[PDB]
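Notes for the one structure printed next.
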Amino acid sequence: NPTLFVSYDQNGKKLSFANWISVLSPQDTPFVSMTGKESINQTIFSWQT
Amino acid sequence: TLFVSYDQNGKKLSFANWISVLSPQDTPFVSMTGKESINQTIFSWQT
Amino acid sequence: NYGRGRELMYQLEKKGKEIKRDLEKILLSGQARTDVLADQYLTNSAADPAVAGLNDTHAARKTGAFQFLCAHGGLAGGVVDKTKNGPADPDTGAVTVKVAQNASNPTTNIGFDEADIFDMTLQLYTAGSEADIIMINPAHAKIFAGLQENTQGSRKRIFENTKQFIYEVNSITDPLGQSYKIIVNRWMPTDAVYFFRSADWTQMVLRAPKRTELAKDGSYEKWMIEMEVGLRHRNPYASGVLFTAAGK
Amino acid sequence: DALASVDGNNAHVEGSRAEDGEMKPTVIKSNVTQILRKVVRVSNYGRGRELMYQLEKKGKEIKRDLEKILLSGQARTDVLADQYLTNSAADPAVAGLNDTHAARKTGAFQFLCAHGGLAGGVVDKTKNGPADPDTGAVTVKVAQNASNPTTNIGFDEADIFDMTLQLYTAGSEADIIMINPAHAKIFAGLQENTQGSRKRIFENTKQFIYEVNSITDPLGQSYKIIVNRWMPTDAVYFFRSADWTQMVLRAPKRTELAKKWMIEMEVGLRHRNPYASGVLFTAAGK
Amino acid sequence: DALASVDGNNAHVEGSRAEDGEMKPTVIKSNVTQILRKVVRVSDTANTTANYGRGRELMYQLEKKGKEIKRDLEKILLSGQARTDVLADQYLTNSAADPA
Amino acid sequence: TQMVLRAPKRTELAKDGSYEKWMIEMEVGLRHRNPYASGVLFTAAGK
């Protein structure tokens with residue numbers, strides 16, 4: 003339509019989304035993630051105070 | 005926790021201009037003779 | 102899609118992050134222990150009493166946190182009472198958990214008084230824990246900073262033509278020669294502080310984080326994450342905690 | 052929008068029997084772009107060619123206007139609110155008359171920073187923002203200067219540290235703070251006090267440095283301060299480089315109308336996440 | 052979209068171009084892309100049993116069902132159907148149509 | 303032209319007490335261009 007270019011009636015638009023998702027969430031685990039493991043078999047363990 | 009990562013769908017695509025055309029392109033004179041152009045606004049011929 | 106990649110791997114990573122956050126909160130919280138096994142013939146006679154024979158519900162399953170008394174005073178039913186001073190260890194005599202009052206400060210400024218830290222350190226010293234670490238949540242570090250501000254003039258800062266200003270404190274030295282470092286965690290009850298110890302106090306996992314799934318009923322994309330971690334302390338009278346001043 | 056909550060207890064009894072999950076997927080946010088004209092109209103000691111001079115002057119003026127607007131409290135207002143597409147209707151009564159022109163208004167800074175209201179077209183400067191479901195954090199709060207009996211309009215000594223705490227809880231990682239020169243005196247005097255716990259020293263020094271350009275909350279978050287005269291006096295901002303981006307559609311073009324000189328710059332504002340940046344209004348409660 | 056309305060007369064003036072038209076997002080909505088379904092629930096004794104003409108009943112019924120779904124698809128594309136799904140596309144300014 | 307979503311494929315879902323289930327899950331769709339481009343002619347005895 004070379005006569006006049008109009009914008010409000012523009013059909014078949016392109017939403018122009020963003021290829022990224024800000025998933026910011028607090029998850030640091032400073033020390034508790036760096037303690038270790040003592041894998042066991044049962045679920046009734048103890049430590050003999 | 006709870007990573008699914010199946011619903012991104014960040015397509016963000018635009019239109020493609022798939023419109024239809026109905027243009028007849030016979031052009032008999034332009035194809036056979038060529039180009040001819042008058043200069044004045046009025047033209048006459050004798051018979 | 103336009104911003105999403107897939108509906109399974111994305112959701113799977115989501116659930117993994119969520120399960121890690123859940124574990125982090127559960128370990129450092131008031132997750133009272135609730136078990137049904139009142140075993141009496143233990144100590145090298147491992148058996149389940151006649152009860153719990155054929156039934157397969159087994160609802161109650163929890164651990165840790167006071168109920169898991171952890172050297173606390175007392176809890177009110179299914180909720181941990183953050184108002185009960187701990188017992189006295191007969192070894193030397195020391196309470197590792199107490200509740201200071203908010204009378205030295207206004208009746209609306211919930212927090213410590215700069216003297217409870219040293220009291221806790223002395224209690225630990227008498228108990229012989231040798232703890233040197235602090236896990237505290239926000240809204241209480243400002244106390245660690247302004248301990249040298251809410252005074253009469255005795256303590257004071259200095260700024261020698263320096264454009265920087267600082268209210269950060271990540272270490273203190275007890276008068277007993279015990280150095281303590283501060284580390285901020287956000288999964289706390291925002292009303293207490295933990296004088297926990299180093300990695301010596303470790304946890305143990307029975308079923309590591311692993312995926313399973315059922316095949317199909319008519320149609321679905323089911324998945325599972327069923328880690329079975331558990332916690333463990335060591336000589337509960339060693340470490341200690343300090344609740345904040347609320348009143349009663 | 053956010054990650055899923057913690058939910059606290061997650062014990063189980065050897066059985067899933069789920070409810071199709073509680074995903075509750077993200078929310079889709081958008082923004083609009085506006086237009087700036089700054090027309091030029093020409094109808102001689104040293105100026106000579108005044109055209110280029112006035113053109114550069116108007117360019118600087120439009121840049122200043124952009125810097126003033128993007129930091130205002132405007133709120134995007136247009137016929138479309140959440141159904142921006144409406145490809146079916148899309149203002150059907152537009153073609154044929156072409157005189158239904160509405161005014162494109164873009165979203166401002168204070169509108170995208172997790173606001174809690176707006177006075178029609180401006181953000182309300184007396185109402186704190188809501189809380190994000192991920193972790194309880196109020197990134198927009200009404201300042202409360204508990205030092206004076208509501209007489210002086212100034213930041214409290216511990217009102218920016220509250221913002222730092224909230225951001226750390228929400229995980230913004232911002233490290234910049236813009237401020238109007240009508241408030242730098244506050245941070246300048248903050249290095250001193252009357253109780254006697256904070257005081258400068260001069261050990262045979264021929265200098266009187268009275269300035270602050272760095273802060274570190276007890277949480278260990280550094281914050282660099284910068285001054286900008288194009289901000290509203292009754293507000294302070296907590297910026298961050300990557301969290302804010304400037305979207306542009308039409309670059310500044312020097313041209314003329316249909317068959323004078325003029326400029327036309329289509330620009331819009333984008334913000335990665337509302338609960339990342341922080342704003343704080345300065346006033347007394349009433 | 053629209054192409055033209057009328058041809059008529061082409062005489063024009065230097066100012067007879069006031070205005071004509073309006074603007075509203077396109078009315079092309081969507082296609083729902085219906086789905087098909089064919090299943091069997093053969094047992095084990097059935098798959099193990101034998102019979103004349105065919106072998107494992109399971110594969111026989113599975114192939115029959117494949118042919119049947121092919122026929123069903125071929126027939127559906129020719130019958131009279133109209134889409135009325137509740138997932139109205141409605142893009143474009145109030146896009147993504149997720150208020151329901 | 304058609305609008306196959308992923309594909310026509312056969313696969314089994316979770317079984318039962320000596321059952322055996324299978325599914326196809328074929329998903330397609332049509333696509334006409336210029337609705338005013340294909341002819342239709344019904345047959346009627348009258349109106």
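Here the protein sequences line up with chains E, Z, H, B, A and S, keeping their order.
Heads up, the first sequence is in the entry's author numbering, so the first residue is 3 and it goes up one at a time.
Heads up, the second sequence is in the entry's author numbering, so the first residue is 5 and it goes up one at a time.
Heads up, the third sequence is in the entry's author numbering, so the first residue is 102 and it goes up one at a time.
Numbered according to the entry's author numbering, the fourth sequence spans residues 52 to 94, 102 to 317, 323 to 349.
Heads up, the fifth sequence is in the entry's author numbering, so the first residue is 52 and it goes up one at a time.
Heads up, the sixth sequence is in the entry's author numbering, so the first residue is 303 and it goes up one at a time.
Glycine included, C-beta positions come from ideal geometry on N, C-alpha and C.
Per DSSP, which one or two residues make a beta bridge with residue i?
i: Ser9 of chain Z; result: H:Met110
i: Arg298 of chain B; result: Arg298 of chain B is not bridged to any residue.
i: residue 34 of chain B; result: With chain B covering only 52 through 349, there is no way to say anything about residue 34 of chain B.
i: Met236 of chain H; result: H:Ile284, H:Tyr295
i: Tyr321 of chain S; result: A:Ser94
i: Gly14 of chain Z; result: H:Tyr103
i: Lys257 of chain B; result: H:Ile259
i: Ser272 of chain H; result: H:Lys282
i: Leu129 of chain B; result: None; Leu129 of chain B has no bridge partner.
i: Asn145 of chain A; result: B:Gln141
i: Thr313 of chain S; result: S:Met325
i: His241 of chain B; result: Looking at the DSSP assignment, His241 of chain B forms no beta bridge with any residue, so it has no partner.
i: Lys116 of chain H; result: Z:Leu6
Which class does residue i belong to by DSSP, given the choice of helix, strand or coil?
i: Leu138 of chain B; result: coil
i: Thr303 of chain B; result: strand
i: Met328 of chain B; result: strand
i: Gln224 of chain H; result: helix
i: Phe344 of chain H; result: strand
i: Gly154 of chain B; result: strand
i: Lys75 of chain A; result: coil
i: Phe266 of chain H; result: strand
i: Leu124 of chain B; result: helix
i: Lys163 of chain H; result: coil
i: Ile86 of chain B; result: strand
i: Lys39 of chain E; result: strand
Is there a Cβ of chain Z sitting closer than 7 angstroms to that of residue i, yes or no?
i: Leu113 of chain H; result: yes
i: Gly117 of chain H; result: yes
i: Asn21 of chain E; result: yes
i: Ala55 of chain B; result: yes
Of the residues the options, which one's Cα is nearest the Cα of residue i?
i: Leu54 of chain B; options: H:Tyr103, H:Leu113, H:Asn102; result: H:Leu113
i: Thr164 of chain H; options: H:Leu128, H:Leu223, H:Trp324; result: H:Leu128
i: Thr263 of chain H; options: B:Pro207, B:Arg258, B:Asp220, B:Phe245; result: B:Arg258
i: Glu327 of chain S; options: A:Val91, A:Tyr111, A:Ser130; result: A:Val91
i: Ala151 of chain H; options: H:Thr144, H:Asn145, H:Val137; result: H:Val137
i: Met236 of chain H; options: H:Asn286, H:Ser280, H:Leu248, H:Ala148; result: H:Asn286
i: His241 of chain H; options: H:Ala293, H:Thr252, H:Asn145, H:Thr227; result: H:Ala293
i: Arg333 of chain B; options: B:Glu261, B:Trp302, B:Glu70; result: B:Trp302
i: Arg308 of chain H; options: E:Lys15, E:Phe33, E:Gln12, E:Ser41; result: E:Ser41
i: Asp233 of chain B; options: B:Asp149, B:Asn102, B:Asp58, B:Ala339; result: B:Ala339
i: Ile86 of chain A; options: H:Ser320, H:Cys171, H:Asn336; result: H:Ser320
i: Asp52 of chain B; options: B:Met74, B:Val64, B:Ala62; result: B:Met74
i: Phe219 of chain B; options: B:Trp288, B:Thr197, B:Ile211, B:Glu65; result: B:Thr197
Shorter than 7 angstroms from the beta carbon of residue i to some beta carbon of chain A?
i: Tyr142 of chain B; result: yes
i: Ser320 of chain S; result: yes
Does any residue of chain E bring its CB to less than 7 angstroms from the CB of residue i?
i: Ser18 of chain Z; result: yes
i: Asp52 of chain A; result: yes
i: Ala232 of chain B; result: no
i: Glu327 of chain H; result: no
Got a sec: does the ligand ATP put a non-hydrogen atom nearer than 6 angstroms to the Cβ of residue i?
i: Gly178 of chain B; result: Among the components of this structure there are no ligands whatsoever, and the ligand ATP is therefore not found.
Looking at chain H, is there any beta carbon in it that lies within less than 7 angstroms of the beta carbon of residue i?
i: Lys15 of chain Z; result: yes
i: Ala62 of chain B; result: yes
i: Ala195 of chain B; result: no
i: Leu315 of chain S; result: yes
i: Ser41 of chain E; result: yes
i: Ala204 of chain B; result: no
i: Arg256 of chain B; result: yes
Quick check: is the beta carbon of residue i nearer than 7 angstroms to any beta carbon in chain B?
i: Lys121 of chain A; result: no
i: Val78 of chain A; result: yes
i: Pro239 of chain H; result: yes
i: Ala147 of chain A; result: yes
Using a Cβ-Cβ cut-off of 7 angstroms, state whether residue i counts as contacting chain S.
i: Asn82 of chain A; result: yes
Which ranges would you report for the alpha helix (DSSP H) in the segment 167 to 204 of chain B if only whole runs of at least 4 residues count?
-> 167 to 170
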